[PDB]
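Q: sequence? don't have it. structure:
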Ligand SMILES: Cc1c[nH]c2ncc(C(=O)N(C)c3nnn[nH]3)cc12
């Protein structure tokens, strides 16, 4: 039993809700919140901009130190950093950015990072300003992640389309 509430069950291990991941994180305090990161950990907009703003920019400060030490992530890769006031940990995961021409096949590799964590609160990777089809992202999620994933979808209209079209 865990503290996630109001989710629709899609599969054995994947759950979905129309929610603001920032507000969902502040209420649940999950062990892991997933950020929709880029390779530079520049959290300017989309989910990343929202998560960083909710940490009063502490996420960005920590991220800049990480990059100065380690260099950029790979597309499809991840790193674990602090969850600040939102979660114990933040798993920064880089999905392909279609608006940068990145290979959408890398979306599966991105979701594989979730399997290193037993339970996660997450957005749909590569959705939103990353330019992929969220229906596709949900399908890859279900077909790749084996650990327990609680997906937050900010847009109600998209949420109902995702539920109604789910196979
Ligand atoms: C910008 C932002 C703040 N909070 C958020 N929470 C979730 C998502 C999201 O992951 N998806 C799939 C989504 N919702 N509406 N359109 N896309 C995006 C945000």
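A: Alright, I've got the coordinates. Residues are numbered from 1 along each chain as shown.

Q: near the ligand, which residues of the protein?
A: Contact residues (Cβ under 6 Å from any ligand atom) of the chain with the ligand: 20-22, 46-47, 50, 123-124, 127-128, 134, 152-155, 158. All C-beta atoms are positioned from the backbone trio N, CA, C, and that covers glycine.

Q: ends of stretch 64-80, how far apart?
A: 14 Å (Cα to Cα, to the nearest Å).

Q: same question but for stretch 88-98, I mixed them up
A: 30 Å.

Q: repeat for stretch 5-13
A: Stretch 5-13: ends 15 Å apart by Cα to Cα.

Q: in that stretch, what counts as buried?
A: With burial defined by 16 or more other Cβ atoms under 10 Å, the residues of stretch 5-13 counted as buried are 7, 10.

Q: try stretch 121-138
A: So for stretch 121-138, counting by 16+ other Cβ under 10 Å, buried means 121-128, 130-132, 134, 137-138.

Q: May I ask you to name the longest helix in the chain?
A: Counting residues, the longest helix found in the chain (DSSP state H) is helix 58-70.

Q: I'd like the distance from residue 111 to residue 77, if you could.
A: Here residue 111 is placed at a distance of 12 Å from residue 77 (Cβ to Cβ, to the nearest Å).

Q: pretty sure residue 86 is touching residue 33, no?
A: Yes. With contact defined as Cβ atoms under 8 Å, residue 86 reaches residue 33; the gap is 5.5 Å.

Q: Start from the N-terminal end of this protein and give the helices.
A: For the chain, applying DSSP H gives helices covering 21-28, 46-54, 58-70, 106-112, 134-144, 156-164.

Q: closest to residue 8 out of those?
A: Closest of those to residue 8 is helix 156-164, at 6.4 Å (criterion: Cβ to Cβ).
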